[PDB]
């Protein structure tokens, strides 16, 4: 190799740092989004809606870093794979953040009214999903198949849990159509948790590609 070959190294270990940061900010979104939604708390919602902008540039900035690294250093097979993969996931991660930002909106909408039901399921879902966000992005940065496979296993649960939700609400709507307004908002929410999870699972799918690459 040549002199500045270890530049690509530093540049890449940093870019990775940033992915991890961006994911810290995603879990923070979901966590805030769930509190707001739960305890009918708008300060917590507007917080989450402001903070998404951060996550937005984080996509831009990590993407731009990838191109740079490829343009400047000409990374070999392994690096180039690590990089294009980063390039993919930073998008999924941005989508999770946007999904949470959506739960944040809804929670505002659900605040000008009594809950209509304990949010127990939304909650079990919420908890599984953050675990999924984290574990998925860990298993990527460090080539952990087993951990990626677990994340992929958990998704069938979120799916399964989502369906529980679809049906409980059917019964709420059916017992008093007034309830139609909350039911629906609480439907979306569940759909958003389910989208965040599906995404999580991509990161993991990616993590395998990478790990299978060795």
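Residue numbers count along the first chain shown, from 1.
- Of the two stretches examined, 41 to 49 and 57 to 65, the record assigns the greater average C-alpha temperature factor to 57 to 65.
- Stretches compared: 112 to 120, 72 to 80. Higher mean C-alpha B-factor in the entry: 112 to 120.
- Residue-level inspection of the entry shows that, of 19, 204, 190, 196, 204 has the top Cα B-factor.
- When the modelled residues of the chain are ordered by their C-alpha B factor, residue 105 lands in the lowest third.
- The deposited CA B-factor of residue 125 belongs to the lowest third of values across its chain.
- When the modelled residues of the chain are ordered by C-alpha B-factor, residue 154 sits in the highest third.
- Residue-level temperature factors show residue 133 in the lowest third of its chain, judged at the C-alpha atom.
- In this PDB entry, the Cα temperature factor of residue 32 sits in the bottom third of its chain's modelled residues, the lowest group.
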